[PDB]
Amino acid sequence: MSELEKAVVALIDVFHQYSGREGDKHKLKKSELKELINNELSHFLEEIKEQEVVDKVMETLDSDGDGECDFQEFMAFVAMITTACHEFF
């Protein structure tokens, strides 16, 4: 498989690594999202230590108002992060 194909699989893997920990196994609740950011985006994003910081990230990500981040919402997060990395080149 190509690097692109392996990357696609990695996006799916990391979502499930975190989404299945608690509650709805197909969505990231705030606690799971905090863990994902702190453990898997430690070189790109500042560590989240306060509940209000994760509340704000979830508010940005949660487009259907259920308080959790589903797979489509996670795709949008990944697009935001990748665009940020891509910029300040």
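In this text, the rigid core denotes the largest set of C-alpha atoms whose superposition between the two forms falls within 1.5 Å. The first residue of the sequence shown is number 1, and the count goes up from there.
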{"property": "Stretch with greater C-alpha deviation in 6 other deposited structures of this protein, 80-88 versus 4-12 (rigid core superposition)", "result": "80-88"}
{"property": "Entry-level comparison of average CA B-factors, 61-69 and 74-82, reporting the higher stretch", "result": "61-69"}
{"property": "Mean C-alpha B-factor comparison - 41-49 and 23-31, higher one", "result": "41-49"}
{"property": "Where the record places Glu5 (Cα B-factor, split into thirds across the chain)", "result": "lowest"}
